[PDB]
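Encoded as C-alpha coordinates, the structure appears first; notes follow it.
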Amino acid sequence: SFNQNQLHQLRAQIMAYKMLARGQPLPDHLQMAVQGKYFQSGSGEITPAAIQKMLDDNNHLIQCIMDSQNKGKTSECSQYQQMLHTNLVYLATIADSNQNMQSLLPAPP
Amino acid sequence: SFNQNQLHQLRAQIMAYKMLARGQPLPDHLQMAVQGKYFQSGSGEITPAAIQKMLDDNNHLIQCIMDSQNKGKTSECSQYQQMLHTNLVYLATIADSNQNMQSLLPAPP
Amino acid sequence: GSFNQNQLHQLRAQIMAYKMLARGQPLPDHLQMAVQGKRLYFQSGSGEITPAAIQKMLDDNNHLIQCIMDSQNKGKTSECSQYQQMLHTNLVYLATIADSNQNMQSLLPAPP
Amino acid sequence: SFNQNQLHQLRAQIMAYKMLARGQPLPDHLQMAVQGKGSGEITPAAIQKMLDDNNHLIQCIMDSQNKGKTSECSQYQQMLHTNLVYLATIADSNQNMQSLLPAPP
(Lines give C-alpha, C1' and ligand atoms only; values in the text may rest on other atoms or scores of the structure.)
Protein backbone atom coordinates (compact mmCIF):
# COMPACT_ATOMS: atom_id res chain seq x y z
CA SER A 1 0.00 0.00 0.00
CA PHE A 2 2.15 2.76 -1.46
CA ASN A 3 0.96 6.25 -2.25
CA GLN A 4 1.52 7.90 -5.62
CA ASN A 5 4.52 9.93 -4.45
CA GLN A 6 6.10 6.74 -3.08
CA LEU A 7 5.55 4.75 -6.30
CA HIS A 8 7.09 7.63 -8.24
CA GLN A 9 10.00 7.84 -5.78
CA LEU A 10 10.59 4.07 -5.92
CA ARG A 11 10.69 3.91 -9.72
CA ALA A 12 13.04 6.91 -9.72
CA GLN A 13 15.40 5.08 -7.34
CA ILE A 14 15.30 1.92 -9.50
CA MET A 15 16.40 4.01 -12.49
CA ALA A 16 19.06 5.79 -10.44
CA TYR A 17 20.42 2.40 -9.39
CA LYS A 18 20.85 1.26 -13.01
CA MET A 19 22.74 4.41 -14.02
CA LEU A 20 24.98 4.29 -10.95
CA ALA A 21 25.96 0.69 -11.72
CA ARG A 22 26.86 1.90 -15.25
CA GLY A 23 29.12 4.63 -13.81
CA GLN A 24 26.82 7.35 -15.16
CA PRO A 25 25.92 10.64 -13.44
CA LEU A 26 22.36 11.44 -12.52
CA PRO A 27 20.21 14.06 -14.25
CA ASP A 28 19.13 16.67 -11.71
CA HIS A 29 15.55 15.78 -12.66
CA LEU A 30 16.30 12.23 -11.50
CA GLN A 31 18.33 13.38 -8.48
CA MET A 32 15.33 15.32 -7.21
CA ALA A 33 12.92 12.46 -7.83
CA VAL A 34 15.17 10.08 -5.91
CA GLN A 35 14.83 12.51 -3.01
CA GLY A 36 11.08 12.84 -3.44
CA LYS A 37 8.70 15.71 -2.76
CA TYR A 38 2.47 4.74 12.41
CA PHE A 39 5.91 3.10 11.91
CA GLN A 40 4.92 -0.36 13.19
CA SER A 41 1.54 -2.12 13.00
CA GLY A 42 -0.04 -4.83 15.12
CA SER A 43 -0.25 -7.53 12.45
CA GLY A 44 3.32 -6.97 11.25
CA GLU A 45 2.15 -5.60 7.89
CA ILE A 46 4.22 -2.76 6.46
CA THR A 47 2.94 0.82 6.86
CA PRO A 48 3.27 3.97 4.71
CA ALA A 49 5.81 5.47 7.14
CA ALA A 50 7.86 2.27 7.03
CA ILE A 51 7.85 2.55 3.21
CA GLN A 52 8.90 6.21 3.40
CA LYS A 53 11.61 5.38 5.94
CA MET A 54 13.13 2.83 3.55
CA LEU A 55 12.86 5.18 0.55
CA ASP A 56 14.60 7.92 2.55
CA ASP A 57 17.33 5.34 3.38
CA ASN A 58 17.71 4.62 -0.34
CA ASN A 59 18.15 8.32 -1.12
CA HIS A 60 20.97 8.48 1.44
CA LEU A 61 22.49 5.26 0.09
CA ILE A 62 22.50 6.92 -3.32
CA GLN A 63 24.32 9.98 -1.98
CA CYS A 64 26.85 7.56 -0.46
CA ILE A 65 27.32 5.60 -3.69
CA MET A 66 28.05 8.74 -5.68
CA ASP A 67 30.45 10.08 -3.04
CA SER A 68 32.28 6.74 -2.93
CA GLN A 69 32.39 6.68 -6.73
CA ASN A 70 33.68 10.21 -7.24
CA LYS A 71 36.45 9.41 -4.73
CA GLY A 72 37.38 6.07 -6.36
CA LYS A 73 36.45 4.44 -3.06
CA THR A 74 35.57 1.07 -4.55
CA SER A 75 34.69 -1.63 -2.00
CA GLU A 76 32.65 0.79 0.11
CA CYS A 77 30.88 1.69 -3.12
CA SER A 78 29.82 -1.92 -3.60
CA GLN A 79 28.57 -2.47 -0.06
CA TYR A 80 26.33 0.55 -0.48
CA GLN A 81 25.13 -0.64 -3.90
CA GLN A 82 24.27 -4.09 -2.51
CA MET A 83 22.33 -2.54 0.38
CA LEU A 84 20.47 -0.31 -2.08
CA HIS A 85 19.75 -3.25 -4.37
CA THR A 86 18.30 -5.38 -1.56
CA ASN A 87 16.05 -2.50 -0.45
CA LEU A 88 14.77 -1.90 -4.00
CA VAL A 89 13.99 -5.60 -4.49
CA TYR A 90 12.03 -5.50 -1.24
CA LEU A 91 10.04 -2.35 -2.07
CA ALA A 92 9.44 -3.44 -5.69
CA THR A 93 8.13 -6.78 -4.39
CA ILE A 94 5.64 -5.17 -2.01
CA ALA A 95 4.53 -2.62 -4.61
CA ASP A 96 3.83 -5.31 -7.22
CA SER A 97 2.01 -7.62 -4.81
CA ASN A 98 -0.45 -4.93 -3.82
CA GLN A 99 -0.92 -3.27 -7.22
CA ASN A 100 -1.21 -6.53 -9.23
CA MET A 101 -4.62 -6.91 -10.87
CA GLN A 102 -4.59 -10.27 -12.69
CA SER A 103 -4.44 -12.13 -9.38
CA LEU A 104 -7.77 -10.51 -8.40
CA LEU A 105 -9.54 -12.31 -11.19
CA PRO A 106 -11.11 -15.79 -10.93
CA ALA A 107 -11.13 -18.44 -13.66
CA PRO A 108 -13.24 -17.91 -16.81
CA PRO A 109 -16.98 -18.54 -16.31
CA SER B 1 24.86 -5.76 11.57
CA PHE B 2 23.20 -9.03 12.60
CA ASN B 3 24.02 -10.31 16.07
CA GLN B 4 23.81 -14.00 16.81
CA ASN B 5 20.40 -13.94 18.53
CA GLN B 6 19.03 -12.34 15.35
CA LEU B 7 20.59 -14.84 12.94
CA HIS B 8 19.09 -17.57 15.11
CA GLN B 9 15.66 -15.93 15.15
CA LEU B 10 15.71 -15.36 11.39
CA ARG B 11 16.59 -19.03 10.71
CA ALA B 12 13.78 -20.22 12.98
CA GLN B 13 11.33 -17.91 11.21
CA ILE B 14 12.42 -19.23 7.81
CA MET B 15 11.88 -22.77 9.07
CA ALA B 16 8.54 -21.74 10.57
CA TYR B 17 7.53 -20.29 7.20
CA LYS B 18 8.13 -23.52 5.27
CA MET B 19 6.03 -25.60 7.69
CA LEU B 20 3.24 -23.02 7.70
CA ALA B 21 3.25 -22.89 3.89
CA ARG B 22 2.73 -26.68 3.74
CA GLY B 23 -0.16 -26.44 6.22
CA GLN B 24 1.69 -28.04 9.14
CA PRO B 25 1.56 -26.83 12.75
CA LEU B 26 4.62 -25.56 14.57
CA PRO B 27 6.70 -27.58 17.06
CA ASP B 28 7.18 -26.06 20.50
CA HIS B 29 10.91 -25.44 20.04
CA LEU B 30 10.25 -23.50 16.81
CA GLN B 31 7.28 -21.58 18.29
CA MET B 32 9.76 -20.39 20.91
CA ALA B 33 12.70 -19.57 18.65
CA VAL B 34 10.64 -17.38 16.28
CA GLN B 35 10.10 -14.88 19.10
CA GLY B 36 13.72 -14.51 20.19
CA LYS B 37 14.82 -13.50 23.69
CA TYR B 38 15.87 5.76 16.42
CA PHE B 39 15.87 2.89 13.84
CA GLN B 40 17.36 5.13 11.12
CA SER B 41 21.05 5.53 10.23
CA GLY B 42 22.67 8.54 8.63
CA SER B 43 23.86 6.64 5.57
CA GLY B 44 20.80 4.44 5.02
CA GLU B 45 22.34 1.12 6.10
CA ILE B 46 19.85 -0.90 8.09
CA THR B 47 20.38 -0.76 11.86
CA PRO B 48 20.21 -3.54 14.47
CA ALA B 49 16.98 -2.07 15.80
CA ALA B 50 15.45 -1.94 12.32
CA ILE B 51 16.40 -5.61 11.89
CA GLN B 52 14.80 -6.40 15.23
CA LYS B 53 11.67 -4.43 14.32
CA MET B 54 11.16 -6.59 11.25
CA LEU B 55 11.88 -9.81 13.19
CA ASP B 56 9.18 -8.78 15.66
CA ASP B 57 6.92 -7.94 12.71
CA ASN B 58 7.56 -11.47 11.45
CA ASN B 59 6.70 -13.04 14.79
CA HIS B 60 3.35 -11.23 14.70
CA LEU B 61 2.80 -12.27 11.09
CA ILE B 62 3.49 -15.88 12.12
CA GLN B 63 0.92 -15.58 14.93
CA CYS B 64 -1.68 -14.27 12.48
CA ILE B 65 -0.87 -17.03 9.97
CA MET B 66 -1.30 -19.70 12.66
CA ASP B 67 -4.67 -18.21 13.63
CA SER B 68 -6.17 -17.99 10.11
CA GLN B 69 -5.41 -21.72 9.81
CA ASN B 70 -7.58 -22.37 12.89
CA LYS B 71 -10.03 -19.56 12.03
CA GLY B 72 -10.58 -20.99 8.53
CA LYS B 73 -10.14 -17.50 7.01
CA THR B 74 -8.19 -18.89 4.06
CA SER B 75 -7.94 -15.58 2.21
CA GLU B 76 -6.04 -13.37 4.63
CA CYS B 77 -3.86 -16.33 5.68
CA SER B 78 -2.17 -15.63 2.33
CA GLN B 79 -1.68 -11.88 2.44
CA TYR B 80 0.06 -12.46 5.78
CA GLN B 81 1.99 -15.31 4.16
CA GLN B 82 3.17 -13.14 1.27
CA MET B 83 4.16 -10.29 3.56
CA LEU B 84 6.12 -12.72 5.75
CA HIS B 85 7.76 -14.26 2.69
CA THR B 86 9.00 -10.90 1.38
CA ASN B 87 10.35 -9.92 4.81
CA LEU B 88 12.22 -13.22 5.10
CA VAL B 89 13.79 -12.85 1.63
CA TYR B 90 14.96 -9.36 2.57
CA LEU B 91 16.44 -10.28 5.97
CA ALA B 92 17.94 -13.49 4.57
CA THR B 93 19.60 -11.46 1.80
CA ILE B 94 21.12 -8.98 4.26
CA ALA B 95 22.22 -11.78 6.60
CA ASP B 96 23.82 -13.71 3.72
CA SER B 97 25.71 -10.62 2.51
CA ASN B 98 27.17 -9.86 5.95
CA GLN B 99 28.13 -13.46 6.76
CA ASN B 100 29.60 -14.26 3.34
CA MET B 101 33.23 -15.44 3.61
CA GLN B 102 34.29 -15.98 0.00
CA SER B 103 33.99 -12.23 -0.64
CA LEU B 104 36.73 -11.71 1.98
CA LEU B 105 39.33 -13.42 -0.23
CA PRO B 106 41.47 -11.74 -2.87
CA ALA B 107 42.11 -13.12 -6.34
CA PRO B 108 44.67 -15.95 -6.65
CA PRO B 109 48.29 -14.94 -5.78
CA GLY C 1 25.66 -28.63 7.84
CA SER C 2 29.22 -29.57 8.64
CA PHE C 3 30.81 -26.37 9.95
CA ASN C 4 30.66 -25.78 13.67
CA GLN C 5 31.25 -22.48 15.39
CA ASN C 6 34.89 -23.14 16.28
CA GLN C 7 35.67 -24.02 12.66
CA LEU C 8 33.92 -20.89 11.34
CA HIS C 9 36.08 -18.92 13.77
CA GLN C 10 39.26 -20.76 12.71
CA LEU C 11 38.40 -20.19 9.03
CA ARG C 12 37.87 -16.41 9.49
CA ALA C 13 41.19 -16.20 11.28
CA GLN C 14 42.97 -18.04 8.49
CA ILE C 15 41.43 -15.73 5.86
CA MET C 16 42.66 -12.77 7.94
CA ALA C 17 46.10 -14.37 8.29
CA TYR C 18 46.19 -15.03 4.56
CA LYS C 19 45.83 -11.34 3.66
CA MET C 20 48.39 -10.17 6.24
CA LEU C 21 50.81 -12.74 4.86
CA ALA C 22 50.14 -11.39 1.34
CA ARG C 23 50.73 -7.73 2.32
CA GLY C 24 54.12 -8.62 3.89
CA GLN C 25 52.89 -8.20 7.49
CA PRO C 26 53.67 -10.58 10.35
CA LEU C 27 50.94 -12.16 12.38
CA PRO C 28 50.37 -11.06 16.01
CA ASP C 29 50.68 -13.84 18.59
CA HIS C 30 46.91 -13.79 19.24
CA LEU C 31 46.15 -14.51 15.57
CA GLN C 32 48.81 -17.21 15.28
CA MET C 33 46.80 -19.11 17.89
CA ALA C 34 43.38 -18.27 16.47
CA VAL C 35 44.61 -20.01 13.29
CA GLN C 36 45.31 -23.31 15.14
CA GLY C 37 41.88 -23.58 16.76
CA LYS C 38 41.25 -25.76 19.81
CA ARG C 39 42.93 -29.18 20.30
CA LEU C 40 37.80 -41.44 12.16
CA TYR C 41 34.96 -40.50 9.76
CA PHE C 42 36.65 -38.62 6.92
CA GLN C 43 34.35 -39.66 4.04
CA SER C 44 30.56 -39.81 3.93
CA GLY C 45 28.43 -42.23 1.98
CA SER C 46 27.04 -39.59 -0.39
CA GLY C 47 30.32 -37.68 -0.85
CA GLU C 48 29.29 -34.64 1.22
CA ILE C 49 32.20 -33.18 3.13
CA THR C 50 32.37 -34.25 6.79
CA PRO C 51 33.27 -32.27 9.93
CA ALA C 52 36.45 -34.28 10.21
CA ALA C 53 37.43 -33.51 6.60
CA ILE C 54 36.91 -29.79 7.27
CA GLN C 55 39.00 -29.98 10.43
CA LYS C 56 41.86 -31.73 8.61
CA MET C 57 42.02 -29.03 5.96
CA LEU C 58 41.95 -26.26 8.58
CA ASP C 59 44.89 -28.03 10.27
CA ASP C 60 46.70 -28.32 6.94
CA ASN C 61 46.09 -24.57 6.53
CA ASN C 62 47.69 -23.89 9.91
CA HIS C 63 50.76 -25.89 8.81
CA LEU C 64 50.77 -23.92 5.54
CA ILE C 65 50.58 -20.64 7.47
CA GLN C 66 53.57 -21.81 9.53
CA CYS C 67 55.58 -22.88 6.46
CA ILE C 68 54.75 -19.52 4.86
CA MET C 69 55.97 -17.53 7.87
CA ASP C 70 59.19 -19.50 8.33
CA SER C 71 60.10 -19.29 4.64
CA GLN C 72 59.41 -15.53 4.68
CA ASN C 73 62.04 -15.10 7.39
CA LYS C 74 64.48 -17.19 5.32
CA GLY C 75 63.51 -15.22 2.17
CA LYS C 76 62.75 -18.48 0.31
CA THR C 77 60.77 -16.61 -2.35
CA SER C 78 59.83 -19.64 -4.46
CA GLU C 79 58.91 -21.71 -1.40
CA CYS C 80 56.61 -18.94 -0.18
CA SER C 81 54.65 -18.67 -3.44
CA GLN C 82 53.69 -22.33 -3.78
CA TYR C 83 52.57 -22.47 -0.15
CA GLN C 84 50.55 -19.28 -0.56
CA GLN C 85 48.86 -20.68 -3.68
CA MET C 86 47.87 -23.88 -1.88
CA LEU C 87 46.57 -21.95 1.16
CA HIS C 88 44.56 -19.61 -1.06
CA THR C 89 42.91 -22.49 -2.91
CA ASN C 90 42.03 -24.25 0.38
CA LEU C 91 40.50 -21.08 1.87
CA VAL C 92 38.39 -20.48 -1.25
CA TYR C 93 37.14 -24.06 -1.00
CA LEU C 94 36.37 -23.89 2.75
CA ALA C 95 34.81 -20.42 2.35
CA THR C 96 32.55 -21.65 -0.47
CA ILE C 97 31.36 -24.64 1.58
CA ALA C 98 30.74 -22.53 4.71
CA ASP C 99 28.77 -19.96 2.66
CA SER C 100 26.56 -22.62 1.01
CA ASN C 101 25.83 -24.26 4.35
CA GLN C 102 24.98 -21.02 6.20
CA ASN C 103 23.11 -19.42 3.26
CA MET C 104 19.54 -18.64 4.30
CA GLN C 105 17.92 -17.26 1.14
CA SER C 106 18.25 -20.61 -0.62
CA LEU C 107 16.18 -22.08 2.26
CA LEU C 108 13.16 -20.11 1.19
CA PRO C 109 10.61 -21.44 -1.33
CA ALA C 110 8.97 -19.46 -4.13
CA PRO C 111 6.52 -16.64 -3.29
CA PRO C 112 2.99 -17.93 -2.40
CA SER D 1 50.43 -33.16 -8.11
CA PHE D 2 48.02 -35.42 -9.99
CA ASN D 3 48.71 -38.59 -11.90
CA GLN D 4 47.31 -39.25 -15.34
CA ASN D 5 44.54 -41.50 -14.01
CA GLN D 6 43.31 -38.72 -11.73
CA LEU D 7 43.51 -36.03 -14.44
CA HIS D 8 41.46 -38.29 -16.72
CA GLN D 9 38.89 -38.97 -13.97
CA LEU D 10 38.77 -35.26 -13.09
CA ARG D 11 38.12 -34.24 -16.71
CA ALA D 12 35.40 -36.88 -16.95
CA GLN D 13 33.77 -35.62 -13.76
CA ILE D 14 33.90 -32.08 -15.17
CA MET D 15 32.20 -33.38 -18.32
CA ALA D 16 29.66 -35.35 -16.29
CA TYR D 17 28.83 -32.23 -14.30
CA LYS D 18 27.93 -30.25 -17.43
CA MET D 19 25.69 -32.98 -18.85
CA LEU D 20 23.87 -33.36 -15.52
CA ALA D 21 23.31 -29.60 -15.35
CA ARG D 22 21.47 -30.14 -18.68
CA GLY D 23 19.29 -33.04 -17.48
CA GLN D 24 21.08 -35.30 -19.96
CA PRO D 25 22.19 -38.89 -19.28
CA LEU D 26 25.70 -40.26 -19.02
CA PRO D 27 27.10 -42.67 -21.62
CA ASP D 28 28.46 -45.79 -19.94
CA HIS D 29 31.90 -44.82 -21.19
CA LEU D 30 31.71 -41.56 -19.22
CA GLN D 31 30.10 -43.20 -16.17
CA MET D 32 33.06 -45.60 -16.01
CA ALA D 33 35.66 -42.85 -16.51
CA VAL D 34 33.89 -40.92 -13.74
CA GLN D 35 34.51 -43.93 -11.48
CA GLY D 36 38.09 -44.49 -12.65
CA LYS D 37 40.01 -47.71 -11.98
CA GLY D 38 53.14 -32.38 7.56
CA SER D 39 53.71 -29.31 5.42
CA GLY D 40 50.10 -28.98 4.18
CA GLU D 41 50.14 -29.64 0.41
CA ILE D 42 47.59 -32.01 -1.07
CA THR D 43 48.61 -35.67 -1.49
CA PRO D 44 47.57 -38.20 -4.17
CA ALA D 45 45.37 -40.09 -1.68
CA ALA D 46 43.61 -36.86 -0.71
CA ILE D 47 43.06 -36.24 -4.44
CA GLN D 48 41.61 -39.74 -4.90
CA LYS D 49 39.29 -39.41 -1.90
CA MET D 50 37.81 -36.26 -3.35
CA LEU D 51 37.47 -37.85 -6.79
CA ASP D 52 35.79 -40.80 -5.03
CA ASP D 53 33.50 -38.36 -3.17
CA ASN D 54 32.58 -36.77 -6.57
CA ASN D 55 31.66 -40.14 -8.04
CA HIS D 56 29.33 -40.68 -5.07
CA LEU D 57 27.78 -37.22 -5.48
CA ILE D 58 27.22 -37.86 -9.20
CA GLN D 59 25.37 -41.08 -8.36
CA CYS D 60 23.32 -39.07 -5.87
CA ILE D 61 22.61 -36.36 -8.45
CA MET D 62 21.50 -38.79 -11.17
CA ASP D 63 19.31 -40.63 -8.64
CA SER D 64 17.90 -37.31 -7.40
CA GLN D 65 17.15 -36.35 -11.01
CA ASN D 66 15.40 -39.56 -12.08
CA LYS D 67 13.27 -39.67 -8.91
CA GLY D 68 12.36 -35.98 -9.32
CA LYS D 69 13.75 -34.67 -5.99
CA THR D 70 14.77 -31.21 -7.15
CA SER D 71 15.81 -29.46 -3.94
CA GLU D 72 18.13 -32.34 -3.01
CA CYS D 73 19.56 -32.59 -6.53
CA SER D 74 20.84 -29.02 -6.40
CA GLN D 75 22.51 -29.42 -3.01
CA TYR D 76 24.61 -32.28 -4.30
CA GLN D 77 25.28 -30.30 -7.51
CA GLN D 78 26.55 -27.39 -5.46
CA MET D 79 28.87 -29.66 -3.48
CA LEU D 80 30.16 -31.44 -6.58
CA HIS D 81 30.78 -28.08 -8.27
CA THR D 82 32.82 -26.74 -5.33
CA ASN D 83 34.93 -29.92 -5.32
CA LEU D 84 35.48 -29.71 -9.10
CA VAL D 85 36.52 -26.05 -8.88
CA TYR D 86 38.97 -27.02 -6.15
CA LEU D 87 40.56 -29.95 -7.97
CA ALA D 88 40.68 -27.98 -11.23
CA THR D 89 42.39 -25.03 -9.59
CA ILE D 90 45.09 -27.32 -8.22
CA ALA D 91 45.57 -29.31 -11.42
CA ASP D 92 45.71 -26.07 -13.44
CA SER D 93 48.23 -24.50 -11.03
CA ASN D 94 50.52 -27.51 -11.18
CA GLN D 95 50.35 -27.87 -14.98
CA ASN D 96 50.31 -24.20 -16.06
CA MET D 97 53.18 -23.40 -18.39
CA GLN D 98 52.78 -19.69 -19.03
CA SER D 99 53.09 -18.60 -15.39
CA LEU D 100 56.57 -20.19 -15.33
CA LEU D 101 57.80 -17.73 -17.95
CA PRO D 102 59.38 -14.38 -17.01
CA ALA D 103 58.60 -11.13 -18.84
CA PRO D 104 60.17 -10.52 -22.32
CA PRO D 105 63.97 -9.97 -22.05
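Hydrogens, waters and symmetry mates are skipped; everything else that's a heavy atom, side chains included, is used. Lettering follows sequence order; numbering is per chain, from 1.
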Should we count [atom1] of [X] as having more than 12 external heavy atoms under 6.0 Å?
X: B:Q79; atom1: CD; value: no
X: B:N70; atom1: CG; value: yes
X: B:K71; atom1: NZ; value: no

What part of B:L91 gets closer than 4.5 Å to chain C, counting heavy atoms only: side chain, backbone, both or neither?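 Interface part for B:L91: neither.
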Heavy atoms under 4.5 Å from chain C: which residues of residues 30-61 of chain B carry them?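 Within residues 30-61 of chain B, no residue comes under 4.5 Å from chain C.
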Heavy atom to heavy atom, less than 4.5 Å: which residues from residues 102-112 of chain C reach chain B?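 Checking residues 102-112 of chain C against chain B gives C:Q102, C:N103, C:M104, C:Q105, C:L107, C:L108, C:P109, C:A110, C:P111, C:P112.
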